[PDB]
Structures are given as structure tokens and as C-alpha cells.
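Reviewing the structure listed below.
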Amino acid sequence: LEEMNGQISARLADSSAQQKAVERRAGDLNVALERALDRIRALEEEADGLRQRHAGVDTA
Amino acid sequence: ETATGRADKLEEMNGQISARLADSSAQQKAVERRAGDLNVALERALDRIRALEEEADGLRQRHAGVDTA
Amino acid sequence: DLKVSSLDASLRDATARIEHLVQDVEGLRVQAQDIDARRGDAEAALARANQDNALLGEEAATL
Amino acid sequence: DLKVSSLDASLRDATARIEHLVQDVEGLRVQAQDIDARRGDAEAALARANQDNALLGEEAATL
């Protein structure tokens with residue numbers, strides 16, 4: 297009844313608010329990976345020059 | 288009388304659209320699992336970034352010493 | 154020469170997060186006021202019908 | 154040593170500036186979320202009242 301009107305509101309309050317939150321954190325978490333993902337290989341790609349510049353010198 | 292009618296209507300929609308709330312929350316839970324996997328990926332990527340920092344440190348030392356040589 | 158090298162790390166890195174999180178800062182800044190677009194009309198909508206439920210209460214008087 | 158000096162500027166340029174924007178950002182992140190939850194209490198409160206609108210409504214219909 298009204299308690300379940302309370303409860304459906306309780307879910308309405310719960311579900312929508314957690315809905316209002318879950319993706320907003322997820323969206324931050326959504327944008328998050330790429331910037332790590334980019335620097336995951338960005339450092340890796342510049343790690344090559346660390347390896348690149350090394351070899352010839354050791355040959356030298 | 289009026290309790291009977293207004294209630295009957297109340298239980299009806301409360302039931303169906305509450306289950307609706309449950310289902311929409313379920314897709315939200317799928318989004319939650321996506322976000323959590325995204326998060327753990329974030330920490331592991333950051334740890335790899337750090338390890339990259341020390342590894343490049345090591346590359347720099349093994350560049351410098353042989354330069355000296 | 155170790156000194157110049159090893160200390161080169163953070164300056165590039167910290168700028169990156171400066172380049173990283175600040176962009177997020179103005180990014181998540183307007184995020185707040187974006188909701189403000191949804192808030193105000195709703196605030197009106199709340200105002201629109203909060204007074205009218207008593208008006209409904211007043212219509213209920215026409216009973 | 155000029156670089157050992159000219160490296161120092163950025164390490165205080167960044168860290169302080171990166172000591173700057175951070176405490177704002179979660180603080181900014183804290184406030185709006187604190188704001189937003191308040192929004193749901195009243196925004197939905199409109200609905201439940203409008204749920205009570207039908208109450209007087211089907212009262213306005215029956216009886």
C-alpha cells in the first residue's frame with residue numbers, strides 16, 4: 297500500500313539516485329581508461345627511444 | 288469504497304512499474320560491473336605506468352654508464 | 154648526469170596530470186551547471202504543482 | 154647545474170599547482186553530488202504529490 301508507495305518511492309529514490317550516480321562515476325570511469333590506455337603505450341612508445349638510443353651505444 | 292478503488296489502482300501500478308524500476312536498476316547494475324572492470328583496469332594500468340617509470344630509469348643508467356665507457 | 158636524467162621524470166609527468174586533471178576540472182565543472190538546466194525548470198515544475206495540489210485541494214473543496 | 158636549477162622550477166611549478174587543483178576537484182566533486190541528491194528528494198516529491206493528485210482526482214471522480 298502506502299508503505300509500498302513508500303517502498304516504490306524507496307526504490308524510486310534508490311534506483312533513480314543510484315542511477316543518477318552510477319553512470320556519472322562510470323562515465324568518469326568510462327573516460328578513465330583511454331587516458332591511462334594512451335599513456336600505457338605512450339610511455340611504451342617513448343620507452344622505445346630509451347631502448348633505441350641504448351643499443352648503438354653498447355655496440356659502440 | 289474510495290480506499291478500495293484508489294488502492295486497487297495503487298497496488299496495480301506500484302507492482303508493474305516497481306518491477307520496471309527493478310529492471311532499469313538491473314541495466315544500471317550492468318553499468319556498475321562495467322565501471323568496476325574499468326576501475327580495476329585503471330589501477331593496473333597505473334601500476335604498469337609506474338613500473339614503466341622505473342624501467343626507463345634503468346634504461347637511462349644502462350645508457351649513461353656505457354656512454355662513460 | 155643521473156641527477157638531470159632521473160629528475161626529468163616527474164616534471165614531464167606532473168605536467169601531464171596538470172594537462173590531465175585540469176582538463177577534467179573544467180570538464181567536471183560545467184557538469185554541475187549542466188544539471189542546473191534540468192534543475193530550474195523542474196524547480197518551476199515543483200513550484201507549478203505544489204501550489205496546485207492545494208488548488209486541487211481547493212478544487213477538492215468544490216465537493 | 155643550471156639544469157639542476159632549471160629543473161627545480163617545474164618541480165615546484167607543477168607540484169604546488171598540482172597541490173592546487175586537486176583539493177578543489179574532489180571538493181567540487183563532493184559539493185555537486187551533495188547538491189544532486191537533494192535534487193532527487195524534491196524532484197520526485199513532485200511526482201508523489203502528483204501521485205496524491207490522482208488521489209484527490211479519483212476522489213474527485215468517485216464519491
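Residue numbers (the entry's author numbering), protein chains in the order written: chain M, 297 to 356; chain N, 288 to 356; chain G, 154 to 216; chain H, 154 to 216.
Every residue, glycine too, gets a C-beta built ideally from N, C-alpha and C.
Check whether residue i and residue j have beta carbons under 8 Å apart
{"i": "M:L333", "j": "N:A322", "result": "no"}
{"i": "G:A167", "j": "N:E340", "result": "no"}
{"i": "N:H350", "j": "M:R335", "result": "no"}
{"i": "G:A202", "j": "H:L199", "result": "yes"}
{"i": "H:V178", "j": "G:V178", "result": "yes"}
{"i": "M:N301", "j": "N:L297", "result": "yes"}
{"i": "M:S311", "j": "N:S312", "result": "yes"}
{"i": "H:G193", "j": "M:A309", "result": "yes"}
{"i": "G:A213", "j": "H:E212", "result": "yes"}
{"i": "M:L346", "j": "N:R347", "result": "yes"}
Neighbour flag for residue i against chain G, beta carbons, 8 Å
{"i": "M:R331", "result": "yes"}
{"i": "H:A185", "result": "yes"}
{"i": "N:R347", "result": "yes"}
Interface flag, residue i vs chain H, CB-CB below 8 Å
{"i": "G:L160", "result": "yes"}
{"i": "M:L325", "result": "no"}
{"i": "G:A214", "result": "no"}
{"i": "M:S312", "result": "yes"}
{"i": "M:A306", "result": "no"}
{"i": "G:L174", "result": "yes"}
{"i": "G:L181", "result": "yes"}
{"i": "G:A195", "result": "yes"}
{"i": "N:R293", "result": "yes"}
CB contact check: residue i to chain M, cutoff 8 Å
{"i": "N:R321", "result": "yes"}
{"i": "N:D354", "result": "yes"}
{"i": "N:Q315", "result": "yes"}
{"i": "H:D154", "result": "no"}
{"i": "N:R337", "result": "no"}
Any chain N beta carbon closer than 8 Å to residue i
{"i": "G:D205", "result": "no"}
{"i": "G:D177", "result": "no"}
{"i": "H:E211", "result": "yes"}
{"i": "H:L208", "result": "yes"}
{"i": "M:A309", "result": "no"}
Residues near residue i by beta carbon distance below 6 Å, same chain, minus five either side
{"i": "N:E342", "result": "none"}
Which ranges does the alpha helix (DSSP H) cover as unbroken runs of at least 4 residues, wholly within the region 174 to 213 of chain H, from first to last along the chain?
none
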